[PDB]
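Asks: So that you have it, the file is model_15.txt, and it contains compact mmCIF, N, CA and C atoms and all ligand atoms:
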```txt
# COMPACT_ATOMS: atom_id res chain seq x y z
N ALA N 1 -24.16 -5.76 -5.65
CA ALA N 1 -22.75 -6.08 -5.46
C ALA N 1 -22.34 -7.23 -6.37
N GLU N 2 -21.04 -7.36 -6.62
CA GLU N 2 -20.56 -8.43 -7.47
C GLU N 2 -20.42 -9.72 -6.67
N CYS N 3 -20.65 -10.84 -7.34
CA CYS N 3 -20.63 -12.16 -6.72
C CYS N 3 -19.72 -13.11 -7.49
N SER N 4 -18.61 -12.59 -8.01
CA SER N 4 -17.63 -13.41 -8.71
C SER N 4 -16.26 -12.74 -8.63
N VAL N 5 -15.22 -13.55 -8.81
CA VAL N 5 -13.84 -13.06 -8.80
C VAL N 5 -13.01 -13.94 -9.72
N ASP N 6 -12.05 -13.33 -10.42
CA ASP N 6 -11.16 -14.02 -11.34
C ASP N 6 -9.77 -14.11 -10.72
N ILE N 7 -9.30 -15.33 -10.48
CA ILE N 7 -8.00 -15.57 -9.86
C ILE N 7 -7.09 -16.22 -10.89
N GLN N 8 -5.78 -15.96 -10.77
CA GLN N 8 -4.79 -16.55 -11.65
C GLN N 8 -3.62 -17.08 -10.82
N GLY N 9 -3.13 -18.26 -11.19
CA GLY N 9 -1.90 -18.81 -10.64
C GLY N 9 -0.90 -18.99 -11.77
N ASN N 10 0.34 -18.57 -11.54
CA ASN N 10 1.33 -18.51 -12.61
C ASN N 10 2.38 -19.60 -12.43
N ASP N 11 3.43 -19.54 -13.26
CA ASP N 11 4.55 -20.47 -13.22
C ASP N 11 5.47 -20.23 -12.05
N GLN N 12 5.10 -19.35 -11.12
CA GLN N 12 5.95 -19.01 -9.99
C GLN N 12 5.25 -19.27 -8.65
N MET N 13 4.16 -20.05 -8.67
CA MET N 13 3.39 -20.37 -7.47
C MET N 13 2.91 -19.11 -6.76
N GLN N 14 2.44 -18.14 -7.54
CA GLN N 14 1.81 -16.94 -7.02
C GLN N 14 0.32 -16.99 -7.32
N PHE N 15 -0.49 -16.48 -6.39
CA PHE N 15 -1.91 -16.28 -6.63
C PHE N 15 -2.15 -14.83 -7.00
N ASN N 16 -3.12 -14.60 -7.89
CA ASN N 16 -3.45 -13.25 -8.33
C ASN N 16 -3.91 -12.37 -7.18
N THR N 17 -4.34 -12.97 -6.07
CA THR N 17 -4.80 -12.23 -4.90
C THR N 17 -4.59 -13.09 -3.67
N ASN N 18 -4.63 -12.44 -2.50
CA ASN N 18 -4.53 -13.14 -1.23
C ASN N 18 -5.66 -12.76 -0.28
N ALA N 19 -6.72 -12.13 -0.78
CA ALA N 19 -7.84 -11.72 0.06
C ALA N 19 -9.10 -11.63 -0.79
N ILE N 20 -10.07 -12.50 -0.51
CA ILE N 20 -11.35 -12.52 -1.21
C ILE N 20 -12.43 -12.05 -0.25
N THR N 21 -13.31 -11.17 -0.73
CA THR N 21 -14.45 -10.69 0.04
C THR N 21 -15.73 -11.14 -0.65
N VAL N 22 -16.63 -11.75 0.11
CA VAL N 22 -17.94 -12.16 -0.39
C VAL N 22 -18.99 -11.28 0.29
N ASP N 23 -19.76 -10.55 -0.52
CA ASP N 23 -20.80 -9.69 0.02
C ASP N 23 -21.95 -10.52 0.57
N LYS N 24 -22.49 -10.07 1.71
CA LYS N 24 -23.52 -10.83 2.42
C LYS N 24 -24.79 -10.97 1.59
N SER N 25 -25.04 -10.05 0.66
CA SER N 25 -26.25 -10.12 -0.15
C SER N 25 -26.15 -11.14 -1.28
N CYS N 26 -24.96 -11.66 -1.56
CA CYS N 26 -24.83 -12.70 -2.58
C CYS N 26 -25.46 -14.00 -2.10
N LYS N 27 -26.21 -14.65 -2.99
CA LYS N 27 -26.72 -15.97 -2.68
C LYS N 27 -25.81 -17.07 -3.21
N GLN N 28 -25.12 -16.82 -4.32
CA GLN N 28 -24.10 -17.70 -4.86
C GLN N 28 -22.83 -16.89 -5.11
N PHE N 29 -21.69 -17.57 -5.08
CA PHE N 29 -20.40 -16.95 -5.34
C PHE N 29 -19.61 -17.82 -6.29
N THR N 30 -18.89 -17.19 -7.22
CA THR N 30 -18.20 -17.90 -8.29
C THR N 30 -16.73 -17.49 -8.32
N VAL N 31 -15.84 -18.48 -8.42
CA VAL N 31 -14.41 -18.25 -8.59
C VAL N 31 -14.03 -18.76 -9.97
N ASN N 32 -13.42 -17.89 -10.77
CA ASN N 32 -12.95 -18.23 -12.12
C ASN N 32 -11.43 -18.31 -12.09
N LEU N 33 -10.90 -19.53 -12.09
CA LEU N 33 -9.47 -19.76 -11.97
C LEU N 33 -8.85 -19.94 -13.35
N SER N 34 -7.64 -19.40 -13.51
CA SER N 34 -6.93 -19.42 -14.78
C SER N 34 -5.46 -19.71 -14.52
N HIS N 35 -4.79 -20.27 -15.52
CA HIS N 35 -3.36 -20.57 -15.46
C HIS N 35 -2.66 -19.94 -16.66
N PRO N 36 -2.20 -18.69 -16.55
CA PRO N 36 -1.44 -18.06 -17.63
C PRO N 36 0.05 -18.42 -17.57
N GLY N 37 0.34 -19.71 -17.64
CA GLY N 37 1.70 -20.19 -17.55
C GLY N 37 2.04 -21.20 -18.63
N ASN N 38 3.19 -21.85 -18.50
CA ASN N 38 3.67 -22.81 -19.48
C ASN N 38 3.89 -24.21 -18.93
N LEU N 39 4.18 -24.34 -17.64
CA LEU N 39 4.45 -25.65 -17.08
C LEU N 39 3.15 -26.45 -16.97
N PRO N 40 3.19 -27.76 -17.24
CA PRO N 40 1.95 -28.54 -17.30
C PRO N 40 1.36 -28.84 -15.93
N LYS N 41 0.30 -29.65 -15.92
CA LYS N 41 -0.42 -29.93 -14.69
C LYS N 41 0.41 -30.75 -13.71
N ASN N 42 1.16 -31.74 -14.21
CA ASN N 42 1.94 -32.60 -13.33
C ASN N 42 3.17 -31.90 -12.76
N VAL N 43 3.53 -30.73 -13.28
CA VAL N 43 4.70 -29.99 -12.81
C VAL N 43 4.29 -28.77 -11.99
N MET N 44 3.33 -27.99 -12.49
CA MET N 44 2.90 -26.75 -11.85
C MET N 44 1.37 -26.66 -11.91
N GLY N 45 0.70 -27.62 -11.28
CA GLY N 45 -0.74 -27.62 -11.22
C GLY N 45 -1.27 -26.75 -10.10
N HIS N 46 -2.43 -26.14 -10.35
CA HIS N 46 -3.06 -25.28 -9.36
C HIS N 46 -4.55 -25.56 -9.29
N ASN N 47 -5.08 -25.58 -8.07
CA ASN N 47 -6.51 -25.56 -7.84
C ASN N 47 -6.82 -24.46 -6.84
N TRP N 48 -8.11 -24.18 -6.67
CA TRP N 48 -8.59 -23.23 -5.67
C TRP N 48 -9.47 -24.02 -4.71
N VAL N 49 -9.03 -24.16 -3.47
CA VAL N 49 -9.70 -25.00 -2.47
C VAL N 49 -10.04 -24.14 -1.27
N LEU N 50 -11.31 -24.17 -0.86
CA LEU N 50 -11.80 -23.36 0.23
C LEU N 50 -12.12 -24.23 1.44
N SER N 51 -11.70 -23.78 2.62
CA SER N 51 -12.00 -24.46 3.87
C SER N 51 -11.83 -23.47 5.01
N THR N 52 -12.15 -23.93 6.22
CA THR N 52 -11.87 -23.11 7.39
C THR N 52 -10.37 -23.06 7.64
N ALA N 53 -9.95 -22.07 8.43
CA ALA N 53 -8.53 -21.92 8.73
C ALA N 53 -7.99 -23.12 9.50
N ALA N 54 -8.85 -23.80 10.27
CA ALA N 54 -8.38 -24.94 11.05
C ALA N 54 -8.21 -26.18 10.19
N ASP N 55 -9.08 -26.37 9.20
CA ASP N 55 -9.03 -27.55 8.34
C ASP N 55 -8.01 -27.43 7.21
N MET N 56 -7.33 -26.29 7.07
CA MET N 56 -6.39 -26.11 5.97
C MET N 56 -5.29 -27.17 6.00
N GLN N 57 -4.53 -27.23 7.10
CA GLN N 57 -3.40 -28.15 7.18
C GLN N 57 -3.82 -29.58 6.92
N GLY N 58 -4.98 -29.99 7.45
CA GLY N 58 -5.45 -31.34 7.22
C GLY N 58 -5.79 -31.59 5.76
N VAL N 59 -6.38 -30.60 5.09
CA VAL N 59 -6.75 -30.77 3.69
C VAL N 59 -5.51 -30.86 2.81
N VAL N 60 -4.51 -30.01 3.08
CA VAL N 60 -3.29 -30.03 2.28
C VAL N 60 -2.51 -31.33 2.49
N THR N 61 -2.36 -31.75 3.75
CA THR N 61 -1.60 -32.97 4.03
C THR N 61 -2.28 -34.19 3.43
N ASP N 62 -3.56 -34.39 3.73
CA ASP N 62 -4.29 -35.50 3.13
C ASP N 62 -4.40 -35.33 1.62
N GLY N 63 -4.40 -34.09 1.13
CA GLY N 63 -4.40 -33.87 -0.31
C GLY N 63 -3.11 -34.30 -0.97
N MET N 64 -1.97 -33.95 -0.36
CA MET N 64 -0.69 -34.40 -0.89
C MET N 64 -0.62 -35.92 -0.98
N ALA N 65 -1.04 -36.61 0.08
CA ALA N 65 -1.00 -38.07 0.10
C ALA N 65 -2.02 -38.69 -0.85
N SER N 66 -2.95 -37.91 -1.39
CA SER N 66 -3.99 -38.46 -2.25
C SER N 66 -3.48 -38.73 -3.67
N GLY N 67 -2.51 -37.96 -4.13
CA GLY N 67 -1.89 -38.21 -5.42
C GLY N 67 -2.46 -37.32 -6.52
N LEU N 68 -1.72 -37.26 -7.62
CA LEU N 68 -2.14 -36.44 -8.75
C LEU N 68 -3.42 -36.98 -9.37
N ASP N 69 -3.62 -38.30 -9.34
CA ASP N 69 -4.80 -38.91 -9.94
C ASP N 69 -6.09 -38.41 -9.30
N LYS N 70 -6.03 -37.99 -8.03
CA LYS N 70 -7.20 -37.48 -7.34
C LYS N 70 -7.21 -35.96 -7.23
N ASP N 71 -6.49 -35.27 -8.13
CA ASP N 71 -6.36 -33.81 -8.10
C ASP N 71 -5.85 -33.32 -6.75
N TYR N 72 -5.06 -34.15 -6.08
CA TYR N 72 -4.47 -33.84 -4.77
C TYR N 72 -5.53 -33.40 -3.76
N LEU N 73 -6.65 -34.12 -3.75
CA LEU N 73 -7.67 -33.96 -2.71
C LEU N 73 -8.10 -35.34 -2.25
N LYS N 74 -8.06 -35.56 -0.94
CA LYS N 74 -8.54 -36.82 -0.39
C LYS N 74 -10.01 -37.01 -0.77
N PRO N 75 -10.40 -38.18 -1.26
CA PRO N 75 -11.80 -38.38 -1.66
C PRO N 75 -12.74 -38.25 -0.48
N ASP N 76 -13.93 -37.71 -0.75
CA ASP N 76 -14.98 -37.55 0.26
C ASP N 76 -14.49 -36.76 1.48
N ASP N 77 -13.64 -35.77 1.23
CA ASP N 77 -13.15 -34.88 2.29
C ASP N 77 -14.24 -33.87 2.64
N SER N 78 -14.87 -34.05 3.80
CA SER N 78 -15.95 -33.17 4.23
C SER N 78 -15.48 -31.77 4.58
N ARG N 79 -14.16 -31.55 4.69
CA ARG N 79 -13.65 -30.24 5.08
C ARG N 79 -13.59 -29.27 3.91
N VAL N 80 -13.66 -29.76 2.68
CA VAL N 80 -13.59 -28.90 1.50
C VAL N 80 -14.97 -28.28 1.30
N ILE N 81 -15.07 -26.97 1.52
CA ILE N 81 -16.34 -26.28 1.35
C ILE N 81 -16.68 -26.17 -0.13
N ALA N 82 -15.70 -25.81 -0.94
CA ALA N 82 -15.84 -25.69 -2.38
C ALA N 82 -14.44 -25.68 -2.98
N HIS N 83 -14.35 -26.08 -4.24
CA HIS N 83 -13.05 -26.18 -4.88
C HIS N 83 -13.22 -26.28 -6.38
N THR N 84 -12.18 -25.83 -7.10
CA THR N 84 -12.06 -26.08 -8.53
C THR N 84 -11.26 -27.36 -8.76
N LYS N 85 -11.10 -27.73 -10.02
CA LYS N 85 -10.26 -28.87 -10.38
C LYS N 85 -8.82 -28.41 -10.61
N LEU N 86 -7.90 -29.37 -10.57
CA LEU N 86 -6.49 -29.08 -10.81
C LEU N 86 -6.25 -28.83 -12.30
N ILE N 87 -5.64 -27.70 -12.62
CA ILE N 87 -5.46 -27.30 -14.01
C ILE N 87 -3.98 -27.07 -14.29
N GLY N 88 -3.63 -27.19 -15.58
CA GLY N 88 -2.30 -26.94 -16.05
C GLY N 88 -2.23 -25.72 -16.96
N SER N 89 -1.14 -25.65 -17.73
CA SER N 89 -0.89 -24.49 -18.57
C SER N 89 -2.02 -24.27 -19.58
N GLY N 90 -2.50 -23.03 -19.66
CA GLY N 90 -3.54 -22.69 -20.60
C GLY N 90 -4.90 -23.28 -20.31
N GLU N 91 -5.15 -23.70 -19.07
CA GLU N 91 -6.41 -24.32 -18.70
C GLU N 91 -7.20 -23.39 -17.78
N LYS N 92 -8.50 -23.65 -17.69
CA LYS N 92 -9.39 -22.84 -16.87
C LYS N 92 -10.44 -23.73 -16.23
N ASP N 93 -10.99 -23.26 -15.11
CA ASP N 93 -12.09 -23.94 -14.44
C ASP N 93 -12.72 -22.98 -13.44
N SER N 94 -14.04 -23.09 -13.27
CA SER N 94 -14.77 -22.24 -12.35
C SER N 94 -15.63 -23.09 -11.42
N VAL N 95 -15.81 -22.59 -10.19
CA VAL N 95 -16.67 -23.23 -9.20
C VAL N 95 -17.68 -22.20 -8.69
N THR N 96 -18.90 -22.66 -8.44
CA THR N 96 -19.96 -21.84 -7.88
C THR N 96 -20.54 -22.58 -6.68
N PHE N 97 -20.53 -21.93 -5.52
CA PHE N 97 -21.04 -22.54 -4.30
C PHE N 97 -22.03 -21.60 -3.61
N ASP N 98 -22.84 -22.18 -2.73
CA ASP N 98 -23.85 -21.42 -2.00
C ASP N 98 -23.22 -20.62 -0.87
N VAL N 99 -23.53 -19.32 -0.82
CA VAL N 99 -23.04 -18.47 0.26
C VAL N 99 -23.62 -18.87 1.61
N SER N 100 -24.71 -19.64 1.61
CA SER N 100 -25.27 -20.15 2.86
C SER N 100 -24.32 -21.10 3.58
N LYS N 101 -23.30 -21.62 2.89
CA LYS N 101 -22.30 -22.47 3.51
C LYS N 101 -21.29 -21.69 4.35
N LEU N 102 -21.34 -20.37 4.33
CA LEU N 102 -20.40 -19.52 5.05
C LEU N 102 -21.08 -18.91 6.27
N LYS N 103 -20.32 -18.80 7.36
CA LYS N 103 -20.79 -18.20 8.60
C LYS N 103 -20.03 -16.90 8.85
N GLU N 104 -20.76 -15.86 9.24
CA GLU N 104 -20.12 -14.60 9.61
C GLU N 104 -19.30 -14.78 10.88
N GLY N 105 -18.14 -14.14 10.93
CA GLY N 105 -17.24 -14.27 12.05
C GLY N 105 -16.30 -15.46 11.99
N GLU N 106 -16.64 -16.48 11.20
CA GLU N 106 -15.72 -17.58 10.97
C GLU N 106 -14.70 -17.18 9.91
N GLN N 107 -13.48 -17.67 10.06
CA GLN N 107 -12.36 -17.29 9.20
C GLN N 107 -12.01 -18.44 8.27
N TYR N 108 -11.97 -18.15 6.97
CA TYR N 108 -11.76 -19.15 5.94
C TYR N 108 -10.46 -18.87 5.18
N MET N 109 -9.91 -19.93 4.60
CA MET N 109 -8.70 -19.84 3.81
C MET N 109 -8.92 -20.49 2.45
N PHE N 110 -8.35 -19.90 1.41
CA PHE N 110 -8.28 -20.53 0.10
C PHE N 110 -6.82 -20.79 -0.23
N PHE N 111 -6.56 -21.92 -0.88
CA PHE N 111 -5.19 -22.38 -1.06
C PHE N 111 -5.15 -23.34 -2.24
N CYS N 112 -3.93 -23.65 -2.67
CA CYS N 112 -3.67 -24.72 -3.62
C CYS N 112 -3.09 -25.92 -2.87
N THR N 113 -3.57 -27.11 -3.22
CA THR N 113 -3.13 -28.34 -2.55
C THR N 113 -2.14 -29.15 -3.38
N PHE N 114 -1.69 -28.63 -4.52
CA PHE N 114 -0.54 -29.22 -5.18
C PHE N 114 0.61 -29.24 -4.19
N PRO N 115 1.35 -30.35 -4.08
CA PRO N 115 2.38 -30.48 -3.04
C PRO N 115 3.27 -29.25 -2.91
N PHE N 116 3.29 -28.67 -1.71
CA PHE N 116 4.13 -27.57 -1.26
C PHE N 116 3.69 -26.21 -1.81
N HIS N 117 2.67 -26.14 -2.68
CA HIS N 117 2.23 -24.85 -3.21
C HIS N 117 1.49 -24.03 -2.17
N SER N 118 0.88 -24.67 -1.17
CA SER N 118 0.09 -23.96 -0.17
C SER N 118 0.93 -22.99 0.66
N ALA N 119 2.25 -23.18 0.72
CA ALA N 119 3.08 -22.25 1.48
C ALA N 119 3.13 -20.89 0.81
N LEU N 120 3.18 -20.86 -0.52
CA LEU N 120 3.13 -19.60 -1.25
C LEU N 120 1.70 -19.22 -1.63
N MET N 121 0.92 -20.18 -2.14
CA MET N 121 -0.41 -19.88 -2.66
C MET N 121 -1.45 -20.10 -1.57
N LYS N 122 -1.74 -19.03 -0.84
CA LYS N 122 -2.72 -19.02 0.23
C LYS N 122 -3.42 -17.67 0.21
N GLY N 123 -4.52 -17.58 0.94
CA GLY N 123 -5.22 -16.32 1.06
C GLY N 123 -6.43 -16.50 1.95
N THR N 124 -7.06 -15.38 2.28
CA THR N 124 -8.21 -15.36 3.16
C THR N 124 -9.48 -15.08 2.37
N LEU N 125 -10.58 -15.65 2.85
CA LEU N 125 -11.91 -15.36 2.33
C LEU N 125 -12.79 -15.00 3.52
N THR N 126 -13.35 -13.79 3.51
CA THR N 126 -14.23 -13.34 4.57
C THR N 126 -15.59 -12.98 4.00
N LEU N 127 -16.64 -13.34 4.74
CA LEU N 127 -18.01 -13.00 4.39
C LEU N 127 -18.32 -11.62 4.96
N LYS N 128 -18.61 -10.67 4.07
CA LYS N 128 -18.85 -9.29 4.49
C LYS N 128 -20.27 -8.86 4.17
CU CU N 201 -0.61 -24.91 -7.25
CU CU N 202 -15.46 -31.89 -5.05
```
Take the structure in the file and give it back as structure tokens.
Ligand SMILES: [Cu+2]
Ligand SMILES: [Cu+2]
Replies:
Amino acid sequence: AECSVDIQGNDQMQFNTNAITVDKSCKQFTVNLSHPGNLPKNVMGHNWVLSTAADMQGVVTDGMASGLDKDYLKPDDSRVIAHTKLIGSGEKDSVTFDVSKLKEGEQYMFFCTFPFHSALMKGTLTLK
């Protein structure tokens, strides 16, 4: 089975997908994030941040208050399972995390923590 996925966020606060599936036989999983847009990082920045469905609101709120200098993530936030860096127009970044960090039956969300982007840019990640 495949153990990677390519996601894109555009100049319209859309994610290329809203549902990620991780196969149970994968030992590592990789997200390749891309920005095929024109607005820069300080205007239309996007990251890919993974957490449980319960920790989402806390990560986004504390992320907003963290500022652009911290890629809109509160430092030493234990709720972030895995994440990419905040990117701007024509930029790319990938993250690889251990599938052992995921539990079957638990429900996870991936989102962008750029202020107010999480309302449009959200999605589910399930371990299958
Ligand atoms: Cu964003
Ligand atoms: Cu980190």
Asks: Give as a PyMOL selection string the set of residues within 12 Å of the point (-7.5, -20.8, -8.4), where distances use the file's coordinates and only C-alpha atoms.
Replies: chain N and resi 5-10+13-18+20+30-36+45-50+82-88+91-95+110-114+117-118+121-123
Asks: Just checking: using all atoms listed in the file, which residue out of N:116, N:57, N:77, N:65 ends up closest to ligand CU 201 (chain N)?
Replies: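 Going through N:116, N:57, N:77, N:65 one by one, the smallest distance to ligand CU 201 (chain N) is for N:116.
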Asks: When you draw a straight line from atom N of residue 62 of chain N to atom C of residue 125 of chain N, how long is it in Å?
Replies: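 It comes out at 21.5 Å.
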Asks: Take atom CA of residue 54 of chain N and atom CA of residue 105 of chain N and report the distance between them in Å, one decimal.
Replies: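 Atom-to-atom, atom CA of residue 54 of chain N to atom CA of residue 105 of chain N, that is 13.9 Å.
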Asks: Could you check the closest approach to ligand CU 201 (chain N) for each of N:126, N:44, N:19, N:1 and tell me which residue wins, using all atoms listed in the file?
Replies: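 Smallest distance to ligand CU 201 (chain N) is found for N:44.
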Asks: Report the centre and edge lengths, in Å to one decimal, of an axis-aligned box enclosing every atom of segment 59-70 of chain N listed in the file, padded by 3 Å on each side, as JSON.
Replies:
```
{"center_x": -3.9, "center_y": -34.5, "center_z": -2.4, "size_x": 12.6, "size_y": 14.9, "size_z": 21.0}
```
Asks: Can you tell me, as a ChimeraX atom specification, which residues in chain N count as alpha helix (DSSP H) by DSSP?
Replies: /N:41-44,56-64
Asks: Report as an mmCIF file with N, CA and C atoms, in the coordinates of the input: the residues of chain N with a DSSP assignment of strand (DSSP E), based on the backbone of this structure.
Replies:
```cif
data_model
loop_
_atom_site.group_PDB
_atom_site.id
_atom_site.type_symbol
_atom_site.label_atom_id
_atom_site.label_comp_id
_atom_site.auth_asym_id
_atom_site.auth_seq_id
_atom_site.Cartn_x
_atom_site.Cartn_y
_atom_site.Cartn_z
ATOM 1 N N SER N 4 -18.610 -12.590 -8.010
ATOM 2 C CA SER N 4 -17.630 -13.410 -8.710
ATOM 3 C C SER N 4 -16.260 -12.740 -8.630
ATOM 4 N N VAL N 5 -15.220 -13.550 -8.810
ATOM 5 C CA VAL N 5 -13.840 -13.060 -8.800
ATOM 6 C C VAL N 5 -13.010 -13.940 -9.720
ATOM 7 N N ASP N 6 -12.050 -13.330 -10.420
ATOM 8 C CA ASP N 6 -11.160 -14.020 -11.340
ATOM 9 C C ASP N 6 -9.770 -14.110 -10.720
ATOM 10 N N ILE N 7 -9.300 -15.330 -10.480
ATOM 11 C CA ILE N 7 -8.000 -15.570 -9.860
ATOM 12 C C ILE N 7 -7.090 -16.220 -10.890
ATOM 13 N N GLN N 8 -5.780 -15.960 -10.770
ATOM 14 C CA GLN N 8 -4.790 -16.550 -11.650
ATOM 15 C C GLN N 8 -3.620 -17.080 -10.820
ATOM 16 N N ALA N 19 -6.720 -12.130 -0.780
ATOM 17 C CA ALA N 19 -7.840 -11.720 0.060
ATOM 18 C C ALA N 19 -9.100 -11.630 -0.790
ATOM 19 N N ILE N 20 -10.070 -12.500 -0.510
ATOM 20 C CA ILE N 20 -11.350 -12.520 -1.210
ATOM 21 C C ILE N 20 -12.430 -12.050 -0.250
ATOM 22 N N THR N 21 -13.310 -11.170 -0.730
ATOM 23 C CA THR N 21 -14.450 -10.690 0.040
ATOM 24 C C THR N 21 -15.730 -11.140 -0.650
ATOM 25 N N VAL N 22 -16.630 -11.750 0.110
ATOM 26 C CA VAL N 22 -17.940 -12.160 -0.390
ATOM 27 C C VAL N 22 -18.990 -11.280 0.290
ATOM 28 N N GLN N 28 -25.120 -16.820 -4.320
ATOM 29 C CA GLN N 28 -24.100 -17.700 -4.860
ATOM 30 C C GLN N 28 -22.830 -16.890 -5.110
ATOM 31 N N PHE N 29 -21.690 -17.570 -5.080
ATOM 32 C CA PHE N 29 -20.400 -16.950 -5.340
ATOM 33 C C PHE N 29 -19.610 -17.820 -6.290
ATOM 34 N N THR N 30 -18.890 -17.190 -7.220
ATOM 35 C CA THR N 30 -18.200 -17.900 -8.290
ATOM 36 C C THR N 30 -16.730 -17.490 -8.320
ATOM 37 N N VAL N 31 -15.840 -18.480 -8.420
ATOM 38 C CA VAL N 31 -14.410 -18.250 -8.590
ATOM 39 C C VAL N 31 -14.030 -18.760 -9.970
ATOM 40 N N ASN N 32 -13.420 -17.890 -10.770
ATOM 41 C CA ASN N 32 -12.950 -18.230 -12.120
ATOM 42 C C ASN N 32 -11.430 -18.310 -12.090
ATOM 43 N N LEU N 33 -10.900 -19.530 -12.090
ATOM 44 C CA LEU N 33 -9.470 -19.760 -11.970
ATOM 45 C C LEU N 33 -8.850 -19.940 -13.350
ATOM 46 N N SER N 34 -7.640 -19.400 -13.510
ATOM 47 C CA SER N 34 -6.930 -19.420 -14.780
ATOM 48 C C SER N 34 -5.460 -19.710 -14.520
ATOM 49 N N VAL N 49 -9.030 -24.160 -3.470
ATOM 50 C CA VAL N 49 -9.700 -25.000 -2.470
ATOM 51 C C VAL N 49 -10.040 -24.140 -1.270
ATOM 52 N N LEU N 50 -11.310 -24.170 -0.860
ATOM 53 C CA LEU N 50 -11.800 -23.360 0.230
ATOM 54 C C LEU N 50 -12.120 -24.230 1.440
ATOM 55 N N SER N 51 -11.700 -23.780 2.620
ATOM 56 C CA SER N 51 -12.000 -24.460 3.870
ATOM 57 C C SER N 51 -11.830 -23.470 5.010
ATOM 58 N N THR N 52 -12.150 -23.930 6.220
ATOM 59 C CA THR N 52 -11.870 -23.110 7.390
ATOM 60 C C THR N 52 -10.370 -23.060 7.640
ATOM 61 N N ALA N 82 -15.700 -25.810 -0.940
ATOM 62 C CA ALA N 82 -15.840 -25.690 -2.380
ATOM 63 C C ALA N 82 -14.440 -25.680 -2.980
ATOM 64 N N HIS N 83 -14.350 -26.080 -4.240
ATOM 65 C CA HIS N 83 -13.050 -26.180 -4.880
ATOM 66 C C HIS N 83 -13.220 -26.280 -6.380
ATOM 67 N N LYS N 92 -8.500 -23.650 -17.690
ATOM 68 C CA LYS N 92 -9.390 -22.840 -16.870
ATOM 69 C C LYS N 92 -10.440 -23.730 -16.230
ATOM 70 N N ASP N 93 -10.990 -23.260 -15.110
ATOM 71 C CA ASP N 93 -12.090 -23.940 -14.440
ATOM 72 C C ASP N 93 -12.720 -22.980 -13.440
ATOM 73 N N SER N 94 -14.040 -23.090 -13.270
ATOM 74 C CA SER N 94 -14.770 -22.240 -12.350
ATOM 75 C C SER N 94 -15.630 -23.090 -11.420
ATOM 76 N N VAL N 95 -15.810 -22.590 -10.190
ATOM 77 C CA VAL N 95 -16.670 -23.230 -9.200
ATOM 78 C C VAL N 95 -17.680 -22.200 -8.690
ATOM 79 N N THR N 96 -18.900 -22.660 -8.440
ATOM 80 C CA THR N 96 -19.960 -21.840 -7.880
ATOM 81 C C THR N 96 -20.540 -22.580 -6.680
ATOM 82 N N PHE N 97 -20.530 -21.930 -5.520
ATOM 83 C CA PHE N 97 -21.040 -22.540 -4.300
ATOM 84 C C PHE N 97 -22.030 -21.600 -3.610
ATOM 85 N N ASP N 98 -22.840 -22.180 -2.730
ATOM 86 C CA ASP N 98 -23.850 -21.420 -2.000
ATOM 87 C C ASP N 98 -23.220 -20.620 -0.870
ATOM 88 N N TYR N 108 -11.970 -18.150 6.970
ATOM 89 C CA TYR N 108 -11.760 -19.150 5.940
ATOM 90 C C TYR N 108 -10.460 -18.870 5.180
ATOM 91 N N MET N 109 -9.910 -19.930 4.600
ATOM 92 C CA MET N 109 -8.700 -19.840 3.810
ATOM 93 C C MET N 109 -8.920 -20.490 2.450
ATOM 94 N N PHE N 110 -8.350 -19.900 1.410
ATOM 95 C CA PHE N 110 -8.280 -20.530 0.100
ATOM 96 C C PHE N 110 -6.820 -20.790 -0.230
ATOM 97 N N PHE N 111 -6.560 -21.920 -0.880
ATOM 98 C CA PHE N 111 -5.190 -22.380 -1.060
ATOM 99 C C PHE N 111 -5.150 -23.340 -2.240
ATOM 100 N N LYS N 122 -1.740 -19.030 -0.840
ATOM 101 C CA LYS N 122 -2.720 -19.020 0.230
ATOM 102 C C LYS N 122 -3.420 -17.670 0.210
ATOM 103 N N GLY N 123 -4.520 -17.580 0.940
ATOM 104 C CA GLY N 123 -5.220 -16.320 1.060
ATOM 105 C C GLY N 123 -6.430 -16.500 1.950
ATOM 106 N N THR N 124 -7.060 -15.380 2.280
ATOM 107 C CA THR N 124 -8.210 -15.360 3.160
ATOM 108 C C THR N 124 -9.480 -15.080 2.370
ATOM 109 N N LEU N 125 -10.580 -15.650 2.850
ATOM 110 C CA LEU N 125 -11.910 -15.360 2.330
ATOM 111 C C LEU N 125 -12.790 -15.000 3.520
ATOM 112 N N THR N 126 -13.350 -13.790 3.510
ATOM 113 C CA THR N 126 -14.230 -13.340 4.570
ATOM 114 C C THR N 126 -15.590 -12.980 4.000
ATOM 115 N N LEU N 127 -16.640 -13.340 4.740
ATOM 116 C CA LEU N 127 -18.010 -13.000 4.390
ATOM 117 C C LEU N 127 -18.320 -11.620 4.960
#
```
Asks: Taking (-24.4, -11.2, 1.6) as a centre in this file's frame and 8 Å as the limit, can you find every polymer residue with an atom that close, using all atoms listed in the file, and give them as a PyMOL selection string?
Replies: chain N and resi 22-27+99+127-128
Asks: Of the candidates N:100, N:42, N:107, N:4, which one gets nearest to ligand CU 201 (chain N) if we count only C-alpha atoms and all ligand atoms?
Replies: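 Using only C-alpha atoms and all ligand atoms, ligand CU 201 (chain N) sits closest to N:42.
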Asks: So how many Å separate atom CA of residue 2 of chain N and atom CA of residue 102 of chain N, to one decimal?
Replies: 16.7 Å
Asks: Pick from N:28, N:12, N:124, N:38: nearest to residue 98 of chain N, with only C-alpha atoms counted?
Replies: N:28
Asks: Which of these, N:115, N:120, N:58, N:74, has the shortest distance to ligand CU 202 (chain N) once you count only C-alpha atoms and all ligand atoms?
Replies: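 Closest residue, counting only C-alpha atoms and all ligand atoms: N:74.
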Asks: Using only N, CA and C atoms and all ligand atoms, find the one residue out of N:109, N:43, N:56, N:73 that sits nearest to ligand CU 201 (chain N).
Replies: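 Comparing N:109, N:43, N:56, N:73 against ligand CU 201 (chain N), the winner is N:43.
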